[PDB]
>>> print(open('input.pdb').read())   # PDB, C-alpha atoms
ATOM      1  CA  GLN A   1     266.978  -6.669  33.883  1.00  0.00           C
ATOM      2  CA  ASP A   2     266.895  -4.585  37.087  1.00  0.00           C
ATOM      3  CA  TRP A   3     264.655  -2.041  38.845  1.00  0.00           C
ATOM      4  CA  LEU A   4     266.598   1.012  37.583  1.00  0.00           C
ATOM      5  CA  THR A   5     266.270  -0.132  33.968  1.00  0.00           C
ATOM      6  CA  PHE A   6     262.640  -1.212  34.435  1.00  0.00           C
ATOM      7  CA  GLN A   7     261.805   2.334  35.534  1.00  0.00           C
ATOM      8  CA  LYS A   8     263.559   3.833  32.480  1.00  0.00           C
ATOM      9  CA  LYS A   9     261.856   1.407  30.067  1.00  0.00           C
ATOM     10  CA  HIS A  10     258.371   1.083  31.532  1.00  0.00           C
ATOM     11  CA  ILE A  11     257.440   3.882  33.947  1.00  0.00           C
ATOM     12  CA  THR A  12     256.344   7.262  32.602  1.00  0.00           C
ATOM     13  CA  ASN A  13     255.788  10.491  34.535  1.00  0.00           C
ATOM     14  CA  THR A  14     253.469  11.741  31.837  1.00  0.00           C
ATOM     15  CA  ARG A  15     250.508   9.946  30.310  1.00  0.00           C
ATOM     16  CA  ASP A  16     251.216  11.733  27.016  1.00  0.00           C
ATOM     17  CA  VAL A  17     254.309   9.748  26.142  1.00  0.00           C
ATOM     18  CA  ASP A  18     256.080  11.485  23.276  1.00  0.00           C
ATOM     19  CA  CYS A  19     256.224   8.236  21.278  1.00  0.00           C
ATOM     20  CA  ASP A  20     257.902   9.429  18.082  1.00  0.00           C
ATOM     21  CA  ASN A  21     260.534  11.118  20.231  1.00  0.00           C
ATOM     22  CA  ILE A  22     261.279   8.576  22.961  1.00  0.00           C
ATOM     23  CA  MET A  23     260.851   5.394  20.829  1.00  0.00           C
ATOM     24  CA  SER A  24     263.671   6.559  18.540  1.00  0.00           C
ATOM     25  CA  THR A  25     266.202   6.795  21.396  1.00  0.00           C
ATOM     26  CA  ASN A  26     268.800   4.055  22.027  1.00  0.00           C
ATOM     27  CA  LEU A  27     266.831   2.545  24.891  1.00  0.00           C
ATOM     28  CA  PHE A  28     263.928   1.595  22.591  1.00  0.00           C
ATOM     29  CA  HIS A  29     265.839   1.428  19.260  1.00  0.00           C
ATOM     30  CA  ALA A  30     262.751   2.251  17.135  1.00  0.00           C
ATOM     31  CA  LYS A  31     261.013  -0.988  18.197  1.00  0.00           C
ATOM     32  CA  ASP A  32     257.355  -1.474  17.211  1.00  0.00           C
ATOM     33  CA  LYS A  33     255.756  -1.368  20.680  1.00  0.00           C
ATOM     34  CA  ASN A  34     256.350  -0.395  24.293  1.00  0.00           C
ATOM     35  CA  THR A  35     253.959  -0.309  27.213  1.00  0.00           C
ATOM     36  CA  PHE A  36     254.541   2.484  29.753  1.00  0.00           C
ATOM     37  CA  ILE A  37     252.944   2.560  33.227  1.00  0.00           C
ATOM     38  CA  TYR A  38     251.838   6.034  34.231  1.00  0.00           C
ATOM     39  CA  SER A  39     252.601   6.035  37.951  1.00  0.00           C
ATOM     40  CA  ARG A  40     255.121   7.292  40.453  1.00  0.00           C
ATOM     41  CA  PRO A  41     257.638   4.511  41.113  1.00  0.00           C
ATOM     42  CA  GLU A  42     256.924   3.453  44.716  1.00  0.00           C
ATOM     43  CA  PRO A  43     253.431   1.958  44.133  1.00  0.00           C
ATOM     44  CA  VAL A  44     254.810   0.014  41.157  1.00  0.00           C
ATOM     45  CA  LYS A  45     257.751  -1.266  43.223  1.00  0.00           C
ATOM     46  CA  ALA A  46     255.266  -2.323  45.943  1.00  0.00           C
ATOM     47  CA  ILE A  47     253.784  -4.930  43.559  1.00  0.00           C
ATOM     48  CA  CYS A  48     256.842  -7.047  44.263  1.00  0.00           C
ATOM     49  CA  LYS A  49     257.125  -6.642  48.046  1.00  0.00           C
ATOM     50  CA  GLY A  50     258.232  -9.856  49.761  1.00  0.00           C
ATOM     51  CA  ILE A  51     259.001 -11.784  46.572  1.00  0.00           C
ATOM     52  CA  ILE A  52     262.598 -13.034  46.483  1.00  0.00           C
ATOM     53  CA  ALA A  53     263.118 -15.616  43.692  1.00  0.00           C
ATOM     54  CA  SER A  54     262.182 -14.505  40.190  1.00  0.00           C
ATOM     55  CA  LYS A  55     258.411 -14.813  39.764  1.00  0.00           C
ATOM     56  CA  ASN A  56     255.883 -13.281  37.408  1.00  0.00           C
ATOM     57  CA  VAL A  57     253.120 -11.355  39.160  1.00  0.00           C
ATOM     58  CA  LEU A  58     249.883 -10.024  37.727  1.00  0.00           C
ATOM     59  CA  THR A  59     248.711  -6.828  39.406  1.00  0.00           C
ATOM     60  CA  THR A  60     245.448  -7.061  41.330  1.00  0.00           C
ATOM     61  CA  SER A  61     244.745  -3.368  40.691  1.00  0.00           C
ATOM     62  CA  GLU A  62     244.346  -1.712  37.309  1.00  0.00           C
ATOM     63  CA  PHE A  63     246.887   0.957  36.290  1.00  0.00           C
ATOM     64  CA  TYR A  64     247.045   3.748  33.705  1.00  0.00           C
ATOM     65  CA  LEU A  65     248.918   2.503  30.662  1.00  0.00           C
ATOM     66  CA  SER A  66     250.362   4.414  27.710  1.00  0.00           C
ATOM     67  CA  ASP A  67     251.299   2.375  24.654  1.00  0.00           C
ATOM     68  CA  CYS A  68     253.425   3.491  21.727  1.00  0.00           C
ATOM     69  CA  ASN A  69     252.270   1.375  18.775  1.00  0.00           C
ATOM     70  CA  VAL A  70     254.013   1.734  15.411  1.00  0.00           C
ATOM     71  CA  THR A  71     252.003   2.899  12.387  1.00  0.00           C
ATOM     72  CA  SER A  72     252.598   1.747   8.788  1.00  0.00           C
ATOM     73  CA  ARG A  73     255.351   4.401   8.614  1.00  0.00           C
ATOM     74  CA  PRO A  74     258.444   3.199  10.485  1.00  0.00           C
ATOM     75  CA  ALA A  75     259.428   5.097  13.660  1.00  0.00           C
ATOM     76  CA  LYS A  76     255.494   7.342  13.380  1.00  0.00           C
ATOM     77  CA  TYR A  77     253.603   5.857  16.335  1.00  0.00           C
ATOM     78  CA  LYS A  78     250.125   6.163  17.763  1.00  0.00           C
ATOM     79  CA  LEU A  79     249.862   6.739  21.493  1.00  0.00           C
ATOM     80  CA  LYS A  80     247.031   4.700  23.064  1.00  0.00           C
ATOM     81  CA  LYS A  81     246.021   5.246  26.672  1.00  0.00           C
ATOM     82  CA  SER A  82     244.171   2.520  28.548  1.00  0.00           C
ATOM     83  CA  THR A  83     243.618   1.067  32.004  1.00  0.00           C
ATOM     84  CA  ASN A  84     244.511  -2.507  32.742  1.00  0.00           C
ATOM     85  CA  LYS A  85     246.362  -5.009  34.912  1.00  0.00           C
ATOM     86  CA  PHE A  86     249.895  -5.915  33.971  1.00  0.00           C
ATOM     87  CA  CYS A  87     252.369  -8.694  34.598  1.00  0.00           C
ATOM     88  CA  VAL A  88     255.929  -8.058  35.818  1.00  0.00           C
ATOM     89  CA  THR A  89     258.839 -10.260  36.755  1.00  0.00           C
ATOM     90  CA  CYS A  90     259.519  -9.626  40.448  1.00  0.00           C
ATOM     91  CA  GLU A  91     262.958 -10.399  41.803  1.00  0.00           C
ATOM     92  CA  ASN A  92     264.307  -9.516  45.250  1.00  0.00           C
ATOM     93  CA  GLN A  93     261.279  -7.315  45.950  1.00  0.00           C
ATOM     94  CA  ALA A  94     261.419  -5.192  42.779  1.00  0.00           C
ATOM     95  CA  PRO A  95     260.075  -5.322  39.215  1.00  0.00           C
ATOM     96  CA  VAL A  96     262.894  -6.262  36.856  1.00  0.00           C
ATOM     97  CA  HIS A  97     261.000  -7.071  33.603  1.00  0.00           C
ATOM     98  CA  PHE A  98     257.732  -6.049  32.024  1.00  0.00           C
ATOM     99  CA  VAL A  99     256.010  -9.263  30.858  1.00  0.00           C
ATOM    100  CA  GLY A 100     252.729  -8.071  29.373  1.00  0.00           C
ATOM    101  CA  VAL A 101     249.324  -6.509  29.793  1.00  0.00           C
ATOM    102  CA  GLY A 102     246.292  -8.318  31.230  1.00  0.00           C
ATOM    103  CA  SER A 103     247.939 -11.650  32.035  1.00  0.00           C
ATOM    104  CA  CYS A 104     251.133 -13.426  32.877  1.00  0.00           C
TER
END
>>> encode(input="input.pdb", output="structure tokens")
Amino acid sequence: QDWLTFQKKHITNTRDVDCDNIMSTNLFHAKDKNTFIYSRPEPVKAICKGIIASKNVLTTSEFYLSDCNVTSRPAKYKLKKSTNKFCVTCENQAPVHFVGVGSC
């Protein structure tokens, strides 16, 4: 919804996201998936430089990603690390939504 929330939901300072821990918190409400970008915030914000009206943007660079994917046991997850492009909604020069991996 906004850059502050995007950071909380989708930027991780550790590649080893503690899935079973963090996914159970209110912010994620035990949902079945969440993609985290392992990066300091400024280079992620830079993706959206100059873009005013809401627009989805696919990164031209690949980034380190950490996914928390649910197992067959509700709320145990598997952490999967990968490298890929991702799509974000840019608005007023900042990412405000994570759209998906690999494509808009």
>>> residues_near_point(input="input.pdb", point="(261.2, -0.7, 16.2)", cutoff="12 Å", atoms="all atoms listed in the file", output="list in words")
residues 19, 20, 22, 23, 24, 25, 26, 27, 28, 29, 30, 31, 32, 33, 34, 68, 69, 70, 71, 72, 73, 74, 75, 76 and 77 of chain A
>>> atom_distance(input="input.pdb", atom1="CA of residue 14 (chain A)", atom2="CA of residue 90 (chain A)")
23.8 Å
>>> closest_residue(input="input.pdb", among="A:104, A:80, A:89, A:41", to="residue 18 (chain A)", atoms="only C-alpha atoms")
A:80
>>> closest_residue(input="input.pdb", among="A:12, A:39, A:59, A:66", to="residue 86 (chain A)", atoms="all atoms listed in the file")
A:59
>>> resolve_selection(input="input.pdb", expression="the PyMOL selection byres ((chain A and resi 48) around 8)", output="PyMOL selection string")
chain A and resi 44-47+49-51+57+90-95
>>> closest_residue(input="input.pdb", among="A:40, A:81, A:97, A:9", to="residue 64 (chain A)", atoms="all atoms listed in the file")
A:81
>>> atom_distance(input="input.pdb", atom1="CA of residue 100 (chain A)", atom2="CA of residue 16 (chain A)")
20.0 Å
>>> resolve_selection(input="input.pdb", expression="the PyMOL selection byres ((chain A and resi 83) around 7)", output="VMD selection string")
chain A and resid 62 to 65 82 84
>>> atom_distance(input="input.pdb", atom1="CA of residue 103 (chain A)", atom2="CA of residue 21 (chain A)")
28.6 Å
>>> closest_residue(input="input.pdb", among="A:55, A:13, A:38, A:60", to="residue 88 (chain A)", atoms="all atoms listed in the file")
A:55
>>> closest_residue(input="input.pdb", among="A:78, A:53, A:36, A:61", to="residue 99 (chain A)", atoms="all atoms listed in the file")
A:36
>>> decode(input="input.pdb", residues="region 43-67 of chain A", atoms="N, CA, C and O atoms", output="PDB file, in the first residue's frame")
ATOM      1  N   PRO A  43      18.548   0.413  -2.948  1.00  0.00           N
ATOM      2  CA  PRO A  43      18.556  -0.104  -4.319  1.00  0.00           C
ATOM      3  C   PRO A  43      17.208  -0.637  -4.784  1.00  0.00           C
ATOM      4  O   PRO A  43      16.939  -0.637  -5.989  1.00  0.00           O
ATOM      5  N   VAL A  44      16.385  -1.120  -3.855  1.00  0.00           N
ATOM      6  CA  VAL A  44      15.024  -1.533  -4.192  1.00  0.00           C
ATOM      7  C   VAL A  44      14.157  -0.303  -4.484  1.00  0.00           C
ATOM      8  O   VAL A  44      13.423  -0.279  -5.470  1.00  0.00           O
ATOM      9  N   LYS A  45      14.260   0.727  -3.637  1.00  0.00           N
ATOM     10  CA  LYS A  45      13.511   1.957  -3.898  1.00  0.00           C
ATOM     11  C   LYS A  45      13.854   2.545  -5.275  1.00  0.00           C
ATOM     12  O   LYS A  45      12.969   3.012  -6.004  1.00  0.00           O
ATOM     13  N   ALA A  46      15.132   2.485  -5.638  1.00  0.00           N
ATOM     14  CA  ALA A  46      15.645   3.039  -6.892  1.00  0.00           C
ATOM     15  C   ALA A  46      14.961   2.482  -8.143  1.00  0.00           C
ATOM     16  O   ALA A  46      14.944   3.147  -9.185  1.00  0.00           O
ATOM     17  N   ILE A  47      14.424   1.266  -8.049  1.00  0.00           N
ATOM     18  CA  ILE A  47      13.660   0.664  -9.149  1.00  0.00           C
ATOM     19  C   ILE A  47      12.576   1.604  -9.668  1.00  0.00           C
ATOM     20  O   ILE A  47      12.262   1.620 -10.868  1.00  0.00           O
ATOM     21  N   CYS A  48      12.010   2.384  -8.751  1.00  0.00           N
ATOM     22  CA  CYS A  48      10.864   3.217  -9.069  1.00  0.00           C
ATOM     23  C   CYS A  48      11.182   4.685  -9.325  1.00  0.00           C
ATOM     24  O   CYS A  48      10.259   5.477  -9.512  1.00  0.00           O
ATOM     25  N   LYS A  49      12.467   5.049  -9.350  1.00  0.00           N
ATOM     26  CA  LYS A  49      12.841   6.443  -9.553  1.00  0.00           C
ATOM     27  C   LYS A  49      12.196   7.033 -10.805  1.00  0.00           C
ATOM     28  O   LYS A  49      12.226   6.439 -11.881  1.00  0.00           O
ATOM     29  N   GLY A  50      11.590   8.202 -10.636  1.00  0.00           N
ATOM     30  CA  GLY A  50      10.991   8.953 -11.739  1.00  0.00           C
ATOM     31  C   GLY A  50       9.561   8.599 -12.099  1.00  0.00           C
ATOM     32  O   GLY A  50       8.935   9.312 -12.868  1.00  0.00           O
ATOM     33  N   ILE A  51       9.034   7.526 -11.522  1.00  0.00           N
ATOM     34  CA  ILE A  51       7.720   7.018 -11.915  1.00  0.00           C
ATOM     35  C   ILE A  51       6.654   7.550 -10.967  1.00  0.00           C
ATOM     36  O   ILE A  51       6.675   7.244  -9.769  1.00  0.00           O
ATOM     37  N   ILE A  52       5.747   8.368 -11.490  1.00  0.00           N
ATOM     38  CA  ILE A  52       4.769   9.069 -10.653  1.00  0.00           C
ATOM     39  C   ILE A  52       3.442   8.291 -10.526  1.00  0.00           C
ATOM     40  O   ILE A  52       3.144   7.748  -9.462  1.00  0.00           O
ATOM     41  N   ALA A  53       2.660   8.205 -11.604  1.00  0.00           N
ATOM     42  CA  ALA A  53       1.424   7.429 -11.574  1.00  0.00           C
ATOM     43  C   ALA A  53       1.732   5.961 -11.367  1.00  0.00           C
ATOM     44  O   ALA A  53       2.737   5.465 -11.866  1.00  0.00           O
ATOM     45  N   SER A  54       0.833   5.285 -10.660  1.00  0.00           N
ATOM     46  CA  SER A  54       0.940   3.852 -10.415  1.00  0.00           C
ATOM     47  C   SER A  54       1.264   3.086 -11.694  1.00  0.00           C
ATOM     48  O   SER A  54       0.533   3.193 -12.698  1.00  0.00           O
ATOM     49  N   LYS A  55       2.340   2.308 -11.660  1.00  0.00           N
ATOM     50  CA  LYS A  55       2.739   1.519 -12.826  1.00  0.00           C
ATOM     51  C   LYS A  55       3.549   0.326 -12.366  1.00  0.00           C
ATOM     52  O   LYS A  55       4.432   0.456 -11.507  1.00  0.00           O
ATOM     53  N   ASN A  56       3.252  -0.845 -12.925  1.00  0.00           N
ATOM     54  CA  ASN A  56       4.027  -2.029 -12.607  1.00  0.00           C
ATOM     55  C   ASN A  56       5.317  -2.075 -13.403  1.00  0.00           C
ATOM     56  O   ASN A  56       5.322  -1.815 -14.611  1.00  0.00           O
ATOM     57  N   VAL A  57       6.405  -2.377 -12.702  1.00  0.00           N
ATOM     58  CA  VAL A  57       7.750  -2.356 -13.276  1.00  0.00           C
ATOM     59  C   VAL A  57       8.451  -3.659 -12.961  1.00  0.00           C
ATOM     60  O   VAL A  57       8.502  -4.089 -11.802  1.00  0.00           O
ATOM     61  N   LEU A  58       8.961  -4.297 -14.009  1.00  0.00           N
ATOM     62  CA  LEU A  58       9.783  -5.489 -13.872  1.00  0.00           C
ATOM     63  C   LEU A  58      11.244  -5.068 -13.775  1.00  0.00           C
ATOM     64  O   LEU A  58      11.731  -4.301 -14.605  1.00  0.00           O
ATOM     65  N   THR A  59      11.940  -5.555 -12.754  1.00  0.00           N
ATOM     66  CA  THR A  59      13.350  -5.216 -12.601  1.00  0.00           C
ATOM     67  C   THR A  59      14.156  -5.695 -13.811  1.00  0.00           C
ATOM     68  O   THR A  59      13.837  -6.717 -14.431  1.00  0.00           O
ATOM     69  N   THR A  60      15.184  -4.931 -14.157  1.00  0.00           N
ATOM     70  CA  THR A  60      16.070  -5.338 -15.244  1.00  0.00           C
ATOM     71  C   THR A  60      17.201  -6.198 -14.697  1.00  0.00           C
ATOM     72  O   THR A  60      17.730  -7.057 -15.397  1.00  0.00           O
ATOM     73  N   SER A  61      17.549  -5.985 -13.430  1.00  0.00           N
ATOM     74  CA  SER A  61      18.526  -6.812 -12.726  1.00  0.00           C
ATOM     75  C   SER A  61      17.830  -7.967 -12.019  1.00  0.00           C
ATOM     76  O   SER A  61      16.644  -7.886 -11.674  1.00  0.00           O
ATOM     77  N   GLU A  62      18.583  -9.038 -11.773  1.00  0.00           N
ATOM     78  CA  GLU A  62      18.134 -10.084 -10.860  1.00  0.00           C
ATOM     79  C   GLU A  62      18.488  -9.731  -9.413  1.00  0.00           C
ATOM     80  O   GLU A  62      19.469  -9.013  -9.158  1.00  0.00           O
ATOM     81  N   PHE A  63      17.669 -10.223  -8.480  1.00  0.00           N
ATOM     82  CA  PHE A  63      17.845  -9.971  -7.050  1.00  0.00           C
ATOM     83  C   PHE A  63      17.816 -11.314  -6.314  1.00  0.00           C
ATOM     84  O   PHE A  63      17.290 -12.312  -6.834  1.00  0.00           O
ATOM     85  N   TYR A  64      18.403 -11.333  -5.115  1.00  0.00           N
ATOM     86  CA  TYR A  64      18.250 -12.458  -4.195  1.00  0.00           C
ATOM     87  C   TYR A  64      16.849 -12.452  -3.609  1.00  0.00           C
ATOM     88  O   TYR A  64      16.407 -11.453  -3.022  1.00  0.00           O
ATOM     89  N   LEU A  65      16.176 -13.586  -3.763  1.00  0.00           N
ATOM     90  CA  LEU A  65      14.842 -13.784  -3.224  1.00  0.00           C
ATOM     91  C   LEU A  65      14.827 -14.909  -2.198  1.00  0.00           C
ATOM     92  O   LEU A  65      15.554 -15.893  -2.338  1.00  0.00           O
ATOM     93  N   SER A  66      13.996 -14.735  -1.172  1.00  0.00           N
ATOM     94  CA  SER A  66      13.748 -15.747  -0.158  1.00  0.00           C
ATOM     95  C   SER A  66      12.253 -15.935  -0.054  1.00  0.00           C
ATOM     96  O   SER A  66      11.528 -14.993   0.268  1.00  0.00           O
ATOM     97  N   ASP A  67      11.793 -17.132  -0.403  1.00  0.00           N
ATOM     98  CA  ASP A  67      10.373 -17.466  -0.349  1.00  0.00           C
ATOM     99  C   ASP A  67      10.054 -18.360   0.833  1.00  0.00           C
ATOM    100  O   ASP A  67      10.771 -19.313   1.109  1.00  0.00           O
TER     101      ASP A  67
END
